[PDB]
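Report on one structure; see the data block that follows.
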Amino acid sequence: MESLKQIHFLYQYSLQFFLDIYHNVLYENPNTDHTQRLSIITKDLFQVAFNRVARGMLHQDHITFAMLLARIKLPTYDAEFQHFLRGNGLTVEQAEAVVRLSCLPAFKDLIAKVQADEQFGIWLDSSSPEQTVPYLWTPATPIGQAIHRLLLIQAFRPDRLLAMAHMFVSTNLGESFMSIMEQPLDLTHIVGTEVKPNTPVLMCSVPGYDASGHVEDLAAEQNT
Amino acid sequence: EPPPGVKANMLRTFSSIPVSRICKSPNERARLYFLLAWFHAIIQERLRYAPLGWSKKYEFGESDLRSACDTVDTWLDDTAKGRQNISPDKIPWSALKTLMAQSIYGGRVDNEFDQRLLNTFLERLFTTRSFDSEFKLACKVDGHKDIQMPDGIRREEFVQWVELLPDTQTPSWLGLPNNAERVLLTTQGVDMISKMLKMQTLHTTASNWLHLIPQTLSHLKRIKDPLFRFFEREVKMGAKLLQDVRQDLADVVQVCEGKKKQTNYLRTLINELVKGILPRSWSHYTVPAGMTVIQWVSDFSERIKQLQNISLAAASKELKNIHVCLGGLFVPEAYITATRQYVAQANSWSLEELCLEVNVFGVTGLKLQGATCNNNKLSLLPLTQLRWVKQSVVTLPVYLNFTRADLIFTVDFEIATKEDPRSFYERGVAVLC
Amino acid sequence: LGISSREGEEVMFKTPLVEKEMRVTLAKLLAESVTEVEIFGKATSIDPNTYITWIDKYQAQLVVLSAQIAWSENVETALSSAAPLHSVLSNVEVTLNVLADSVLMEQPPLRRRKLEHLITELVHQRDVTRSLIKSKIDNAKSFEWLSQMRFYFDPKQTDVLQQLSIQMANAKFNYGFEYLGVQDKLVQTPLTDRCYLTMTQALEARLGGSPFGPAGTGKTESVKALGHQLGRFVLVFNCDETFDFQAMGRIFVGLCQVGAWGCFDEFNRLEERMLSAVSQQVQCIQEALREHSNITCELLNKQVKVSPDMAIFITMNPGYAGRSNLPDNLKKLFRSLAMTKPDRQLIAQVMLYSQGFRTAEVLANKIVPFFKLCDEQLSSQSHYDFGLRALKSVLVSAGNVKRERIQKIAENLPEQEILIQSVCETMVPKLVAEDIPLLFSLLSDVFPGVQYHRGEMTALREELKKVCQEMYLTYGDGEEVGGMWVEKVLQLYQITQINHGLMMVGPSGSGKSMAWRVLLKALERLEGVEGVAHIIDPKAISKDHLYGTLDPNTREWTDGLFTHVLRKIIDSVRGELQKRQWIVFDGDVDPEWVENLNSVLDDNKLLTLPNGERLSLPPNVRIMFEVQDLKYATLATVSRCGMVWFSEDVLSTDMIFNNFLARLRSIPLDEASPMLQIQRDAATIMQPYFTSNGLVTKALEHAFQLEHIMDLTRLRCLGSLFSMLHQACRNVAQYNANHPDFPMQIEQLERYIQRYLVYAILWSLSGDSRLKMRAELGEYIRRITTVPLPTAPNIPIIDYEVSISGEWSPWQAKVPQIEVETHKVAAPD
Ligand SMILES: Nc1ncnc2c1ncn2[C@@H]1O[C@H](COP(=O)(O)OP(=O)(O)OP(=O)(O)O)[C@@H](O)[C@H]1O
Ligand SMILES: Nc1ncnc2c1ncn2[C@@H]1O[C@H](COP(=O)(O)OP(=O)(O)O)[C@@H](O)[C@H]1O
């Protein structure tokens, strides 16, 4: 979370941020067995950390940092996972992306599979390829599968990559892990919860949108 | 920020609207608010897919929707003050449509094509047919699906209808033909990758780029006709800019070769060249913003070949027959008016009384973005003939660039029968040079 | 007792405080005027023997308002009951026809303005009625009629302020009845209607209206025109950095106290600080008056009563270089509107019919595409404007040329030639030479035939001859050596009659200063009126020095340069108003000071102060800018004023040579005397060189083929040559003084001056260059010159001095090989 500053000038976070996050996720955990408590808090730390971080972040990276939380829900698949960061019939761009993806053993057979799977050729023209991905690649878990699907969509249909990444975040942390953002920020609740006195409330707005109009309504809401 | 997708802004709009206001009767009001909200969402996403969604990136902020709500409230309150129901036909559809197209969401609209496309959408949405249970808000996707307008009469049903929208949204909800993402996300995904990958000599540099430029740009050779004067002026500008830029580049090369000459202007020019940015001193003809020096040199080579051919043909008057490249010239509007004057003189009509017809003066290089045909029946350009004559069609723009920033040449094409002309404005069609 | 109207349309009170008096008088007069104009409303055919009397009995604003009220009542009654609509159309058409026939004949003063006003008003009414008829409306309260500016009058209304009401789309205003004056009426185009619609919306919403777009499309004019259409007095403020947060607060306090309309020209240079503070203030007052609609407001930490009639208006020109962005919390407080292309064809049609041209429709339909074609065609120079301002100026020129031709002679006057004569008056001057072959040819293809030849004020020509001979300048008449320059001088004389505001533009060494000097002196001789000038350099002093500054702690505005010159002018203690008074700016362009003049180079010629003090330009005053080029000027700067392009060929080489010879012959170095005698002799020696090709022009043109350490300009090096030839004459004077009994004769002076002049050209031209370039100019001079030159086969010509005996001498005679003191081997000096 402190390494986020490399991407933006607004991505400055303190240790008090994390102290408050853990204090609330502990004292205000939604639950009384010890193992139950630990599993619930293991999920709830991820959830509350994501919510608090991304409510003060621009949308284009709301997925980004989120997926890095899924980087630390991994048994482990780092050797093939770190490829799509290393490297960055079919079209030239798709051809080179696929040949680069072929470096890993798991997709080493793609050179044959794409030649055999005509339904893959049809899927290349699918409107929502992420929702239905063929598996052209010895057990396999849901999370390892989803990592393979991210790598496949990167190789073939990067236009929908950001969509498929959401599913990867669902494969590890939950489909409802991200659903808390598609709604108006309940400023009353978040202000009463996270904002103690001496904490200045910063409302930063992309140009063309004013934030002040919200808070005045809140001032009308609370009769303050 | 404005949210992503239609559903998010719709839910935010319902959240912002106090329930005490929207709930008040007549019930019709509630539906109209939803309609307004839906429309706003389309606008709020079309901006994200410029220039196809909007040629000019206008802002449509909170105050626009607030004035929209005030306008709708005033119209409906004064229409049937005191009643408990308004018939679908009795809503002042035209009045609200006009106040929408001209002031609120058209006040910031300046280019008449955008003002045309706002009126198109307003005609599509704000009608009596909206109160029909079979009314379709838009086409869902290419696969024979349509967003059916909710038949409820309460926000307690409209809000739920908005929640149950599909996850796999595409621009087709907005009328765009689902292609902005093919670039936009195609960039963002790569950017996303780079972001996590970021989370976990001047003289030699100039010389490498400047060594082969002299082998790229060739060298140019230099009565009262309306055509022969303009092309003489244009090739004069071409030769001037060619000699200036080529001399500057050769002098930079000599600086890199080691023959001193490191003057102030040459120092600045080297500093700009090594970064690959276009020197602002050379911006003598409009180009896309942020264009690189390599793109500039390629365009300059093509323009030099064009003007060399123009000079060789004109020297041989014959400028009605010699081909041209609209947009490949430096001031194409001057060329268009030169053709106007040539037709006016050649057969002795007055200029004010002329108008243009086009079909497939011989001009090449254009390309129709957002439509295609082969019989002047546009459906949702190797050679073009233009003529001027005295005194189921679509009025299209023609822009010099590929960013739709400069309206230069208006055209009126003929569409095929089965296409709604309205769809040609929702699809954001135009012609690029 | 009455009101002393500026134009002459006086007003007399019904009961001969002041604001109530004028409001009551205007209201009762309006009631009488509408009670009279209903006759023409119902009349089948209008006789001018009553129509002109009714027009003369009342004022311009009053007669327009009465006509508007009667037409609105007639249309509404016709819709309530296509027969009656066609009847109303016939009535208004008959009124328009009789008015358009009346304007053909000359009229007394203060009447033709009213006739033009009513022509505009009636064509607007006819357009609305015809549009309503074509899209047939049966319902009285349909939107397509409700959305136009409707007028209603109820005599039952006891108090005399509220009888008239204006109604618009979901809006109801009350006409101010404040005295507005004549000014002029703007043609009602679609975009003006859009402005009225949104502005009315914002006013009913207690907000402000923000027109924006390219400069010079009627933003401030639309605002002020609508203010007149509501009877509200409009105040235009020249916004700029000088306006601190307290100044604008005082302005708002005054606006709220008086309830006027606050027109602002450019909210793009107040800086973010005084922009955000103003945002706070406007939000405060807006909310206060919103509470009033459903009061006191805290302006500058003071509770002040505020009237409901006040309003804020924010003109802007986003997109230009010298402009700043805005906060969003301010932008949400103003209803914005983009204007980019006012419909010019209808404007020209209505204006030409207002003047009464026979074929006004055809003239408009030709002149507007002429503007578009010329703008699309001609070269992309940095000061070419063909927007709405040029169209208005050429139309007013056409009107004045019509009046001049009528006074020269009447009903069969050709009018295409009038348009051609106006275009050549106002559009040809700005053109570059390369743009003359196109433009005239374009006029051939928009106005076939109707060939035109310019007149001439030969009295001015002879006066210019006299002064030009006085000032040792060369004179011509159109095609001689002095032809082009004097022709441009007459062009400037023509332009100053129209554009109260003007720019002489061209590269250095063109004769702009001389041009306006000779014109001022010649006009002074011709009309016998003191031509007084005030020259100001803009950048040589601070902008604050240029305009002045307000102390932050009291009311003491220390005047700047321009403001003090103005204050002296309009004070006119010395009868300055009875003199042709010009303020000439000479320097370069910077918006930071140029766009502070944007309210005094425009139709409403008037600038404002942070204190609120207002200064208008009297009619005699002209503002003139002498400028090299326009690399850093917005479109507003170019559009505000007329142009004169002084190309580099306005002064031929022989022109300056002859001026040098004349100055040499006439005036002495110390003021045939001795100095004068030697001057005339030397001028005689060099006369075959200071003319035509000769040697001096050849060398001067050769000098631009060689490399220089700085930019070679002709006039710099030629002034150098002139000064050092003056020193040659001084040298001869000293020689004669050295022999009081053996003065120099012709046989010596000829050799001396010839060799001196050759050396002078060779050095002064290549005065700043490397050794090889000086040697190259020496070789050129050897090739061209006729004077004998040193015979050394390898010594550069620059390595010889000219002896007072007139003989070349190597410089090695003047370089003694000395041995300095060992005490001072390398000491200073
Ligand atoms: N028509 C003319 N005949 C003779 N000499 C002239 C004429 N016009 C200008 N000159 C001389 O040319 C020289 C430069 O002209 P002038 O003094 O008018 O400069 P200017 O217009 O202010 O120049 P700049 O454009 O460089 O600011 C002066 O010596 C002036 O006397
Ligand atoms: N409808 C019209 N008909 C004729 N002339 C007009 C019309 N509207 C504006 N003009 C002219 O356009 C000019 C520009 O007005 P203005 O809005 O004050 O420019 P800006 O505010 O950009 O400085 C004025 O000089 C006016 O005479």
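If you're wondering about the labels, chains in the structure tokens are A, B, ... by order shown, residues count from 1 in each chain, ligands from 1 in order shown.
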Interface rows for chain B against chain A: nearest pair, Å to one decimal, 7 Å, only C-alpha atoms, as CSV:
residue,atom,partner,partner_atom,distance
B:1,CA,A:206,CA,5.5
B:8,CA,A:182,CA,5.7
B:11,CA,A:183,CA,6.6
B:12,CA,A:184,CA,5.4
B:15,CA,A:184,CA,6.9
B:59,CA,A:208,CA,6.1
B:61,CA,A:209,CA,6.1
B:181,CA,A:159,CA,6.4
B:182,CA,A:159,CA,5.3
B:185,CA,A:159,CA,5.2
B:186,CA,A:159,CA,4.2
B:189,CA,A:162,CA,5.7
B:192,CA,A:64,CA,6.2
B:193,CA,A:85,CA,6.1
B:194,CA,A:88,CA,6.7
B:195,CA,A:7,CA,6.4
B:197,CA,A:85,CA,5.9
B:198,CA,A:6,CA,6.5
B:199,CA,A:3,CA,5.9
Now that the selection is made, can you save its residues with N, CA and C atoms as a tab-separated table (two decimals), in the first residue's frame?
chain	number	residue	atom	x	y	z
B	1	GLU	N	-15.55	11.64	-9.29
B	1	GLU	CA	-15.55	11.69	-10.74
B	1	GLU	C	-16.89	11.15	-11.23
B	8	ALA	N	-24.06	2.74	-12.96
B	8	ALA	CA	-23.51	3.45	-11.82
B	8	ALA	C	-24.06	4.87	-11.74
B	11	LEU	N	-27.80	4.85	-10.69
B	11	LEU	CA	-27.98	4.67	-9.26
B	11	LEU	C	-27.56	5.92	-8.49
B	12	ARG	N	-26.46	6.56	-8.90
B	12	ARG	CA	-26.06	7.80	-8.22
B	12	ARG	C	-27.12	8.88	-8.41
B	15	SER	N	-29.87	8.27	-6.12
B	15	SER	CA	-29.44	8.59	-4.76
B	15	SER	C	-29.49	10.09	-4.51
B	59	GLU	N	-18.33	19.14	-21.22
B	59	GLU	CA	-18.66	18.70	-19.87
B	59	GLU	C	-20.17	18.76	-19.67
B	61	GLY	N	-22.08	18.29	-16.29
B	61	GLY	CA	-21.88	18.05	-14.88
B	61	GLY	C	-23.17	17.96	-14.10
B	181	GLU	N	-13.76	0.61	-26.74
B	181	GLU	CA	-13.01	-0.28	-25.85
B	181	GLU	C	-11.84	-0.93	-26.57
B	182	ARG	N	-12.04	-1.28	-27.85
B	182	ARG	CA	-11.01	-1.97	-28.62
B	182	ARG	C	-9.71	-1.20	-28.66
B	185	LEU	N	-9.73	0.25	-23.47
B	185	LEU	CA	-9.29	-0.81	-22.58
B	185	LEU	C	-8.00	-1.44	-23.10
B	186	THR	N	-7.85	-1.54	-24.43
B	186	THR	CA	-6.64	-2.13	-24.99
B	186	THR	C	-5.41	-1.34	-24.57
B	189	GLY	N	-5.45	-1.82	-20.07
B	189	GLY	CA	-4.92	-3.10	-19.64
B	189	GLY	C	-3.41	-3.10	-19.66
B	192	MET	N	-2.28	-0.97	-17.02
B	192	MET	CA	-2.45	-1.69	-15.76
B	192	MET	C	-1.23	-2.55	-15.49
B	193	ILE	N	-0.80	-3.30	-16.50
B	193	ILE	CA	0.36	-4.17	-16.35
B	193	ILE	C	1.56	-3.33	-15.94
B	194	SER	N	1.82	-2.26	-16.70
B	194	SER	CA	2.97	-1.40	-16.42
B	194	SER	C	2.90	-0.88	-14.99
B	195	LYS	N	1.69	-0.51	-14.55
B	195	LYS	CA	1.57	0.06	-13.21
B	195	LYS	C	2.03	-0.93	-12.16
B	197	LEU	N	4.00	-3.41	-12.65
B	197	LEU	CA	5.44	-3.58	-12.86
B	197	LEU	C	6.22	-2.40	-12.30
B	198	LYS	N	5.58	-1.25	-12.15
B	198	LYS	CA	6.18	-0.10	-11.47
B	198	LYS	C	5.93	-0.11	-9.97
B	199	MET	N	5.08	-1.01	-9.47
B	199	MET	CA	4.76	-1.07	-8.05
B	199	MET	C	5.60	-2.09	-7.30
Could the residues of chain C that have an atom at most 8 Å from ligand 1 be listed as a tab-separated table, each with its closest atom pair and the distance in Å to one decimal, counting only C-alpha atoms and all ligand atoms and ordered by chain and ascending residue number?
residue	atom	partner	partner_atom_place_in_ligand_line	distance
C:468	CA	ligand 1	1 (N)	7.8
C:472	CA	ligand 1	4 (C)	7.0
C:473	CA	ligand 1	4 (C)	4.0
C:474	CA	ligand 1	3 (N)	4.5
C:475	CA	ligand 1	1 (N)	6.8
C:482	CA	ligand 1	1 (N)	6.2
C:485	CA	ligand 1	1 (N)	5.7
C:486	CA	ligand 1	1 (N)	7.1
C:505	CA	ligand 1	25 (O)	7.8
C:506	CA	ligand 1	25 (O)	6.3
C:507	CA	ligand 1	25 (O)	5.6
C:508	CA	ligand 1	26 (O)	3.1
C:509	CA	ligand 1	26 (O)	3.9
C:510	CA	ligand 1	25 (O)	4.9
C:511	CA	ligand 1	21 (O)	3.3
C:512	CA	ligand 1	21 (O)	3.2
C:513	CA	ligand 1	21 (O)	4.0
C:514	CA	ligand 1	18 (O)	3.5
C:515	CA	ligand 1	18 (O)	6.2
C:586	CA	ligand 1	27 (O)	7.6
C:626	CA	ligand 1	27 (O)	7.2
C:627	CA	ligand 1	25 (O)	7.2
C:628	CA	ligand 1	25 (O)	6.2
C:650	CA	ligand 1	1 (N)	7.8
C:651	CA	ligand 1	1 (N)	6.0
C:655	CA	ligand 1	4 (C)	4.9
C:656	CA	ligand 1	5 (N)	4.7
C:657	CA	ligand 1	4 (C)	7.8
C:658	CA	ligand 1	4 (C)	6.9
C:659	CA	ligand 1	4 (C)	4.8
C:660	CA	ligand 1	5 (N)	7.7
C:715	CA	ligand 1	13 (C)	6.8
C:719	CA	ligand 1	29 (O)	7.8
Could you list, as a PyMOL selection string, the residues of chain B having an atom within 6 Å of chain C when counting only C-alpha atoms? chain B and resi 63+95+103+107-108+110+333-334+350-352
List as a ChimeraX atom specification the protein and nucleic acid residues lying within 6 Å of ligand 2, with only C-alpha atoms and all ligand atoms counted. /C:186-187,215-221,347,388-389,392,602-603
Which of segment 368-581 of chain C end up as alpha helix (DSSP H) when DSSP is run on this backbone - answer as a ChimeraX atom specification? /C:368-377,388-408,416-426,436-446,458-470,483-496,512-527,543-547,561-571
Restrict the selected residues to C-alpha atoms and save them as a tab-separated table (two decimals), in the first residue's frame.
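Final output, saved to result39.tsv:
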chain	number	residue	atom	x	y	z
C	368	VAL	CA	-22.02	36.97	-46.68
C	369	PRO	CA	-20.64	34.21	-48.95
C	370	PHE	CA	-18.15	36.80	-50.19
C	371	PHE	CA	-16.87	37.03	-46.61
C	372	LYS	CA	-16.78	33.25	-46.27
C	373	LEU	CA	-14.99	32.76	-49.61
C	374	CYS	CA	-12.41	35.45	-48.86
C	375	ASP	CA	-11.75	34.07	-45.38
C	376	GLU	CA	-11.28	30.57	-46.79
C	377	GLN	CA	-9.14	31.77	-49.71
C	388	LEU	CA	-18.86	39.65	-37.87
C	389	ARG	CA	-17.07	42.93	-37.13
C	390	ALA	CA	-15.86	43.24	-40.72
C	391	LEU	CA	-19.39	42.61	-42.00
C	392	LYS	CA	-20.86	45.31	-39.75
C	393	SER	CA	-18.13	47.77	-40.73
C	394	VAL	CA	-18.53	47.19	-44.47
C	395	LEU	CA	-22.32	47.46	-44.13
C	396	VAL	CA	-22.05	50.82	-42.35
C	397	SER	CA	-19.59	51.86	-45.06
C	398	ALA	CA	-22.16	50.88	-47.69
C	399	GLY	CA	-24.74	53.03	-45.93
C	400	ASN	CA	-22.41	56.02	-45.78
C	401	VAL	CA	-21.43	55.59	-49.44
C	402	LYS	CA	-25.12	55.47	-50.36
C	403	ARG	CA	-25.65	58.74	-48.49
C	404	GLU	CA	-22.63	60.32	-50.18
C	405	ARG	CA	-23.76	59.27	-53.66
C	406	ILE	CA	-27.30	60.51	-52.98
C	407	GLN	CA	-25.98	63.89	-51.86
C	408	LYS	CA	-23.79	63.94	-54.98
C	416	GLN	CA	-23.56	46.81	-56.24
C	417	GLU	CA	-20.93	49.48	-56.90
C	418	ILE	CA	-21.65	50.90	-53.44
C	419	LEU	CA	-20.84	47.51	-51.91
C	420	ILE	CA	-17.69	47.17	-54.02
C	421	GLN	CA	-16.61	50.71	-52.97
C	422	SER	CA	-17.17	49.81	-49.26
C	423	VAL	CA	-15.26	46.53	-49.54
C	424	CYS	CA	-12.34	48.31	-51.20
C	425	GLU	CA	-12.58	50.95	-48.46
C	426	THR	CA	-12.38	48.61	-45.46
C	436	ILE	CA	-4.49	41.72	-53.95
C	437	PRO	CA	-4.70	39.53	-57.11
C	438	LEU	CA	-7.06	37.08	-55.39
C	439	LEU	CA	-9.46	39.39	-53.54
C	440	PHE	CA	-10.30	41.63	-56.50
C	441	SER	CA	-10.74	38.54	-58.68
C	442	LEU	CA	-13.08	37.16	-56.03
C	443	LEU	CA	-15.08	40.37	-56.29
C	444	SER	CA	-15.27	39.71	-60.03
C	445	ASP	CA	-16.87	36.32	-59.35
C	446	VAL	CA	-19.34	37.59	-56.72
C	458	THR	CA	-7.43	66.29	-54.45
C	459	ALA	CA	-7.45	69.11	-51.89
C	460	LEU	CA	-5.96	66.67	-49.39
C	461	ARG	CA	-3.61	65.50	-52.14
C	462	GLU	CA	-2.23	69.01	-52.68
C	463	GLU	CA	-1.99	69.69	-48.95
C	464	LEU	CA	-0.04	66.44	-48.63
C	465	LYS	CA	2.16	67.60	-51.52
C	466	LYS	CA	2.93	70.79	-49.61
C	467	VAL	CA	3.75	69.16	-46.27
C	468	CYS	CA	5.68	66.31	-47.92
C	469	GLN	CA	7.85	68.86	-49.72
C	470	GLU	CA	8.23	70.75	-46.43
C	483	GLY	CA	3.02	57.23	-55.16
C	484	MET	CA	2.57	54.09	-53.07
C	485	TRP	CA	3.34	55.76	-49.74
C	486	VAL	CA	1.08	58.78	-50.22
C	487	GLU	CA	-1.60	56.40	-51.51
C	488	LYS	CA	-1.34	54.50	-48.24
C	489	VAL	CA	-1.61	57.83	-46.41
C	490	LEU	CA	-4.91	58.58	-48.14
C	491	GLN	CA	-5.96	55.03	-47.28
C	492	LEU	CA	-5.27	55.78	-43.62
C	493	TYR	CA	-7.27	59.01	-43.91
C	494	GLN	CA	-10.20	57.02	-45.28
C	495	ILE	CA	-9.91	54.40	-42.54
C	496	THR	CA	-9.84	56.87	-39.64
C	512	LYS	CA	4.42	54.38	-40.41
C	513	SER	CA	5.47	57.18	-38.06
C	514	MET	CA	6.11	59.47	-41.02
C	515	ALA	CA	2.81	58.40	-42.58
C	516	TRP	CA	0.59	59.38	-39.67
C	517	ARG	CA	2.70	62.48	-38.97
C	518	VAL	CA	2.26	63.78	-42.52
C	519	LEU	CA	-1.43	62.93	-42.45
C	520	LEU	CA	-1.94	64.78	-39.16
C	521	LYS	CA	-0.13	67.86	-40.48
C	522	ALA	CA	-1.93	67.75	-43.84
C	523	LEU	CA	-5.34	67.43	-42.18
C	524	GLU	CA	-4.42	70.32	-39.89
C	525	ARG	CA	-3.62	72.46	-42.93
C	526	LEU	CA	-6.68	71.32	-44.90
C	527	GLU	CA	-9.33	71.74	-42.18
C	543	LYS	CA	1.41	48.17	-17.24
C	544	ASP	CA	0.48	49.65	-13.87
C	545	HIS	CA	2.36	52.78	-14.92
C	546	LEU	CA	0.57	52.67	-18.28
C	547	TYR	CA	-2.94	52.57	-16.72
C	561	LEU	CA	0.03	57.33	-18.77
C	562	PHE	CA	-2.95	56.44	-20.96
C	563	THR	CA	-5.51	57.25	-18.27
C	564	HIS	CA	-3.96	60.65	-17.58
C	565	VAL	CA	-3.84	61.47	-21.30
C	566	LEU	CA	-7.52	60.56	-21.53
C	567	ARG	CA	-8.51	62.50	-18.40
C	568	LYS	CA	-6.77	65.54	-19.86
C	569	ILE	CA	-8.61	64.99	-23.16
C	570	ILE	CA	-12.16	64.70	-21.80
C	571	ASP	CA	-11.39	67.51	-19.33
Give me, as a VMD selection string, all polymer residues having an atom no more than 12 Å from residue 66 of chain B, counting only C-alpha atoms and skipping those fewer than 5 positions away in the same chain. (chain A and resid 213) or (chain B and resid 13 16 to 18 33 36 to 37 40 60 to 61 71 to 73 104 to 105) or (chain C and resid 205 332 to 333 335)
Would you pick out the contacts of residue 174 of chain A at 12 Å or less, using only C-alpha atoms, so that residues sharing its chain but fewer than 3 positions from it are not included, and give the list as a PyMOL selection string? chain A and resi 43-44+46-47+66-67+69-70+73+143+166-171+177-180
Take the selection from the previous step and output its residues with C-alpha atoms, as a PDB file, in the first residue's frame.
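What ended up in again_1.pdb:
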ATOM      1  CA  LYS A  43     -11.322 -12.029   4.856  1.00  0.00           C
ATOM      2  CA  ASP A  44     -12.342  -8.761   6.525  1.00  0.00           C
ATOM      3  CA  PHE A  46      -8.676  -7.689   2.780  1.00  0.00           C
ATOM      4  CA  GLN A  47     -12.189  -6.301   2.310  1.00  0.00           C
ATOM      5  CA  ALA A  66      -7.233  -4.687  -5.889  1.00  0.00           C
ATOM      6  CA  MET A  67      -5.565  -7.417  -7.911  1.00  0.00           C
ATOM      7  CA  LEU A  69      -4.346  -7.902  -2.817  1.00  0.00           C
ATOM      8  CA  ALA A  70      -5.128 -11.108  -4.693  1.00  0.00           C
ATOM      9  CA  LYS A  73      -4.048 -14.616  -1.156  1.00  0.00           C
ATOM     10  CA  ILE A 143      -7.307 -19.738  -8.659  1.00  0.00           C
ATOM     11  CA  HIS A 166     -12.221  -8.629 -12.070  1.00  0.00           C
ATOM     12  CA  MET A 167     -13.076 -12.328 -12.271  1.00  0.00           C
ATOM     13  CA  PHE A 168      -9.584 -13.122 -11.001  1.00  0.00           C
ATOM     14  CA  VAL A 169     -10.277 -10.864  -8.020  1.00  0.00           C
ATOM     15  CA  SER A 170     -13.512 -12.820  -7.629  1.00  0.00           C
ATOM     16  CA  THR A 171     -11.654 -16.139  -7.803  1.00  0.00           C
ATOM     17  CA  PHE A 177     -15.447  -8.114  -3.051  1.00  0.00           C
ATOM     18  CA  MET A 178     -15.721  -5.334  -5.660  1.00  0.00           C
ATOM     19  CA  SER A 179     -19.503  -4.780  -5.633  1.00  0.00           C
ATOM     20  CA  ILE A 180     -19.288  -2.263  -2.759  1.00  0.00           C
TER      21      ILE A 180
END
Nearby residues (only C-alpha atoms) at most 9 Å from residue 404 of chain B, same-chain spacing under 4 positions excluded, as a PyMOL selection string: chain B and resi 51-52+55-56+398-400+430+432
Could the residues in this selection be written to a file with N, CA, C and O atoms, as a compact mmCIF listing (two decimals), in the first residue's frame?
# COMPACT_ATOMS: atom_id res chain seq x y z
N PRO B 51 -13.54 10.71 -29.98
CA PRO B 51 -14.42 11.73 -30.58
C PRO B 51 -15.72 11.16 -31.16
O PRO B 51 -16.60 11.94 -31.53
N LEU B 52 -15.83 9.83 -31.24
CA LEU B 52 -17.02 9.23 -31.84
C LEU B 52 -18.27 9.56 -31.03
O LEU B 52 -19.32 9.87 -31.61
N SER B 55 -17.80 14.93 -30.84
CA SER B 55 -16.67 15.49 -31.57
C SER B 55 -15.86 16.42 -30.68
O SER B 55 -14.63 16.40 -30.70
N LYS B 56 -16.54 17.24 -29.88
CA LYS B 56 -15.92 18.10 -28.88
C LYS B 56 -16.25 17.57 -27.50
O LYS B 56 -17.42 17.26 -27.21
N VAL B 398 -16.55 16.50 -42.68
CA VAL B 398 -15.28 15.96 -43.16
C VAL B 398 -14.18 16.77 -42.51
O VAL B 398 -14.09 17.99 -42.72
N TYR B 399 -13.36 16.09 -41.71
CA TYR B 399 -12.28 16.67 -40.92
C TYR B 399 -10.94 16.38 -41.58
O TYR B 399 -10.74 15.34 -42.20
N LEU B 400 -10.01 17.33 -41.44
CA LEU B 400 -8.68 17.13 -41.99
C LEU B 400 -7.93 16.02 -41.27
O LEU B 400 -7.24 15.21 -41.90
N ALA B 430 -18.54 9.96 -39.82
CA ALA B 430 -17.93 11.13 -40.45
C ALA B 430 -16.97 10.62 -41.52
O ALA B 430 -16.90 9.42 -41.79
N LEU B 432 -12.82 11.11 -42.73
CA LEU B 432 -11.49 11.58 -42.39
C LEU B 432 -10.64 11.65 -43.65
O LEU B 432 -10.87 10.92 -44.62
Separation of atom CA of residue 15 of chain C from atom CA of residue 2 of chain C in Å: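 Going from atom CA of residue 2 of chain C over to atom CA of residue 15 of chain C covers 9.8 Å.
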Smallest atom-to-atom distance to residue 85 of chain B: which of B:396, B:159, B:293, B:30, using only C-alpha atoms? B:30
If you run DSSP over the backbone, which residues in segment 177-373 of chain B end up strand (DSSP E or B)? Put them as a VMD selection string. chain B and resid 277 292 324 to 325 354 to 359 362 to 364 367 to 369 372
Taking 4 positions as the minimum chain separation for residues in the same chain, which residues sit within 10 Å of residue 632 of chain C when counting only C-alpha atoms? Answer as number ranges by chain. C: 321-322, 382, 588-591, 637
